[PDB]
Structure formats: C-alpha cells, structure tokens
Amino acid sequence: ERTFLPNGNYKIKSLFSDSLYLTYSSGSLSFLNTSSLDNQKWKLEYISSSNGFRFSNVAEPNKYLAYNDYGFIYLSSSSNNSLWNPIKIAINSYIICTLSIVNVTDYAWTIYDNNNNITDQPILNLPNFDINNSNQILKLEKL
C-alpha cells in the first residue's frame, strides 16, 4: 500500500508500451499513440467527503472515469462508480483499485495484452489478488 498522489494533471500509460497513453477519442477509452492533445490528459482529484480519487478527462470536464454493468471503464456523467484508490507499488506505478466493500474480492483496472500488444483493448474492472499482475499496473506521469 501507498498513495502519495497530489491533485493535478497526469498522463496514464501501461507497462506494455512507452508510446501508448490512455486517451478518450471516438467516444471510446483506450491506449493510443502519444500526442500533445487534451484528450490524453487526466485530472486527478482526491475527494475527502467519501475518500479516494476521481479521474476526469481534461478535454471533457463534467464526466468521470467509472465502471459499468459490463465491467468496462468508461467516461460517465455518473451514478457514480467513479471513486478509485491508486495503490502505489513503485516510483510512479499504481494498481487502480475499486473502492467498495470489505471481505469481498478487490477489483482493479485491468488492461489485457496479446503478447504485449494492447491495441484496441479497453480497460476492464476485474478481480485483483496481488501487486505483481502486469495487466493491473499503470504508470501515472505528472505534467
């Protein structure tokens, strides 16, 4: 466990590519080639009222990263399913955990790969059991 994440703007990448960043594009969330655009920039805000963090796209305020009934992470004007606990495991590496309820299974952002290829993969909300799983480790780079 660790947090140590200030409020501000970040880019988000996976362990599979230095060149692919989490971007909101054609109404879809995925990892795309590095750009200077506002759609691959993320606003991190810690919220004390109910703990944990909210992520919003800077090209799209008013809506948060949330998970739906299909287990997809997506941009929502919410309900909310939007609160996240980034668990720090290295200098800028995090497991992004769902905050929900005790004694049940932990859930985290999961980015599937086919032999290190993540093209067109969505981020899914799936069970988490350790801090070792490459598909559940994200790098948050401060801007």
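Numbering starts at 1 and follows the sequence shown.
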query: Per the entry, higher mean C-alpha B factor between 63-71 and 45-53; finding: 45-53
query: Mean C-alpha B-factor comparison - 19-27 and 123-131, higher one; finding: 19-27
query: Which of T105, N117, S79, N92 ranks first by CA B-factor in the deposited coordinates; finding: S79
query: B-factor third for the C-alpha atom of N39 within its chain; finding: middle
query: Among modelled residues of the same chain, the CA temperature factor third for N85; finding: middle
query: Entry-reported Cα temperature factor of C97, expressed as the chain third it lands in; finding: middle
query: Position of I111 among the chain's modelled residues by C-alpha B-factor, lowest, middle or highest third; finding: lowest
query: Chain-relative CA temperature factor third for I137; finding: lowest
